[PDB]
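Enquirer: First the structure, then my questions, so here it is.
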């Protein structure tokens, strides 16, 4: 999901920081933001796995990839089938 905040004349001001128009960056909470002429747009990078066997599988969150990988509880090296 995405969030918006109107941009300034010189760029996107986000808490004491100024981002130039065209800047793209990832936040500490796994959002990707872009400073556009109209506003700053930040969208969540973490997709929530929708349909899987939550009895024998568990989602593993990886901070660097901003992802949830569904793996077997008995063997986290084996990924589980996830339906869209």
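Residue numbers (the entry's author numbering): 1 to 84. Where a beta carbon is used, it is the ideal one built from N, C-alpha and C, also for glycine.
#1: If I follow the unbroken beta strand (DSSP E) through residue 67, where does it start and stop?
#2: DSSP state of residue 21, grouped into three classes?
#3: My guess is that residue 30 and residue 19 are in contact by the Cβ rule of under 8 angstroms, so how many angstroms apart are they, rounded?
#4: DSSP has residue 6 in a bridge; who is on the other side?
#5: Is it right to say residue 2 is buried, meaning 16 or more other beta carbons lie within 10 angstroms of its own, or is it exposed?
Expert: This is what the structure gives:
#1: On the chain shown, residue 67 is found 67 positions in, with the first residue counted as 1. First-last of the beta strand (DSSP E) with residue 67: 67-72.
#2: Residue 21 sits at position 21 when you count from the first residue of the chain shown. Of the three classes helix, strand and coil, the one that applies to residue 21 here is coil, per DSSP.
#3: In the chain shown, counting from the first residue as 1, residue 30 sits at position 30. In the chain shown, counting from the first residue as 1, residue 19 sits at position 19. About 18 angstroms separates the beta carbon of residue 30 from that of residue 19, a gap too long to meet the 8 angstroms contact definition.
#4: For the purposes of this step, residue 6 is identified with residue 6 of the chain shown, where counting begins at 1. BP columns for residue 6 point to 39.
#5: In the chain shown, the residue the question calls residue 2 occupies position 2. Under this definition residue 2 is an exposed residue.
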